[PDB]
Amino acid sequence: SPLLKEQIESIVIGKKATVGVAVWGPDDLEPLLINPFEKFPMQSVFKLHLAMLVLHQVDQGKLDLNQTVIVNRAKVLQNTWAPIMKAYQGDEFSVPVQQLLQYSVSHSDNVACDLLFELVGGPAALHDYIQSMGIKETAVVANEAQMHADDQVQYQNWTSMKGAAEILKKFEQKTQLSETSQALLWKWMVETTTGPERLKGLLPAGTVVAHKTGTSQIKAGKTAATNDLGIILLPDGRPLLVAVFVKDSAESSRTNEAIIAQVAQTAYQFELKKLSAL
């Protein structure tokens, strides 16, 4: 739809950032893409793809949700966002895969993320999995530790807005995971504690939203990435897929999140307009 595209452009024009958007409503044949040729750093958004690969290996019986990993407090990535390190006491403890997944997805935990990467063969294994789903415009080459070591690396874990739309559609179609794995991932994405003022920012109270955020620190005067992508359930229970990636922004943190909230609200209102007519 040209009208929705124009409404979204009216939000991003004038903001000192480059914004990518993908909107796919339930009656749309193709998704609406804003800035389709730009490469967007994913930051923690790729923990979504990683959870799908891990659950896919659980579905195949290659991994078990209760399989546990020994965590040595001295050997994991130090001084990074890792809530799991505060959930257990001791210099050494063991955590099941089920909980590492929950912490990576819902809490965007960086240590849980890298521990999961180690069970499946690293970034290379995730990249193969993504390509195997037919998504060519998403690249994964580094884990959190490597992204932590060199701040240019984050740009190498990128996605196009078509790639963001496809991962949401694959997930939404419930064709990649067993019913159990699908229900677990939906649970962790609805329970996310991060980014409450992004996609969910201006939606009505009670709207169900399964989403995953991605954020970088302010370095060299800009925020490389402020992202949120997810599934919004409409009043009739049908899904609305929305992904918003704000790249290389020189705006305040508050403004970066408001761009995402406004785009989500505009897409949501547009779907109500269609339900209103049809």
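Sequential numbering from 1, following the sequence displayed.
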item: Segment of higher mean CA temperature factor, 26 to 34 or 209 to 217; value: 26 to 34
item: 71 to 79 set against 146 to 154, stretch whose average Cα temperature factor tops the other in the entry; value: 146 to 154
item: Peak C-alpha temperature factor (PDB record), options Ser94, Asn110, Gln98, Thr194; value: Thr194
item: Highest recorded Cα temperature factor - choice among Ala139, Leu116, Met85, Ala183; value: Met85
item: Record-listed C-alpha B factor of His49: chain third; value: lowest
item: Third of chain Cα B-factors occupied by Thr223; value: middle
item: Chain-wide C-alpha B factor ranking for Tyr103, given as lowest, middle or highest third; value: lowest
item: Third of the chain's Cα B-factor distribution that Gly163 belongs to, per the entry; value: lowest
item: Modelled-residue ranking by C-alpha temperature factor, third containing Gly237; value: highest
